[PDB]
């Protein structure tokens, strides 16, 4: 069976690394030199605006998936008409737009931050009057790792935020600042029949809008049950197939949905070395019509390499650390790799302190 992936980034790279031992053949749509090229059969550079050429490319394979949900859902709708695409176009359209995303949660009694669609300066002032400060003005589409946003701390920032983002295509959205204690994420995989394989919750640490550390399992039976019930709602309403990610705010014993990602997620990279079946192999198993793998997990921490990465010779000296270099070009703010480590004894805690000092010397956010 041949699997086509829209995008040739690190997520497609690790999808192929996990799925290739299953006997599957992988092909990517992307530019030559992208980090997935050396682990996939072919890479084809086609502008996504040429819908007919993308469909003709997709029809060479048995199933299509994607690594970036910001692509046109009409393109996915056109591809899915002739070759199956997972997950669905409905999951893309709702996930790629913050307004539609939070409107969906509200329509299903799922708690999120207070949000208002922003289409004028007066609409922004009314949202600040109703739901207070601090707050954040975000673009509805595109923008990642905090880019394309303006935090409103005072009344003077209202007109400044509007001036920057007023002409952003596809609109803006107001978000009230959430009083939360910490952040967790729920990652799961749904097969063709709707069966869901759940991973334990992962507590995630952000640094300037980017995720830098993820630790699993996060033990909380109350929060885990509510997160799974939220995931079951999304899987059913989306007719979802593949790996799904939901990021939460935690305030007390109550969960607040931040955003969802209809794909394998950064907060699940721990599962490569922490679970019997990683989020990547199970996403591959899901879209290929296979039964999902067992997801029994052990305590492990993931550390992101942003901007730069410690020397492989320095990382290899900590012989328990599992190295996952993406072979990407180093650039400030860019995710170039991550590091996993099972935490069992004090030797694990010792190597964990040394690898964090290495990251601090190479990290550029």
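Here the rigid core means the biggest group of C-alpha atoms that line up within 1.5 Å when the two forms are laid on top of each other. Residue numbers count along the first chain shown, from 1.
- Greater average departure of CA atoms from the shown form, over structures and residues in 4 other deposited structures of this protein after a core fit, characterises 157-165 among 157-165 and 286-294.
- Put simply, when the other structures in 4 other deposited structures of this protein are lined up on the rigid core, the C-alpha atoms of 139-147 lie farther off than those of the other stretch, from 139-147 and 69-77.
- A summary of the deposited B-factors shows that, of 175-183 and 198-206, the stretch with the larger mean C-alpha value is 175-183.
- Stretches compared: 124-132, 229-237. Higher mean C-alpha B-factor in the entry: 124-132.
- Residue set 159, 282, 106, 267: peak C-alpha B-factor at 159 (per PDB entry).
- Note on the listed residues 294, 119, 273, 97: the highest Cα temperature factor in the record is that of 119.
- Residue-level temperature factors show residue 214 in the lowest third of its chain, judged at the C-alpha atom.
- When all modelled residues of the chain are sorted by CA temperature factor, residue 83 is found within the middle third.
- When all modelled residues of the chain are sorted by CA temperature factor, residue 340 is found within the lowest third.
- Remark: residue 320 belongs to the lowest third of its chain, ranked by C-alpha B-factor as recorded.
- Placement of the Cα temperature factor of residue 111 within the chain: middle third of the modelled residues, per the deposited record.
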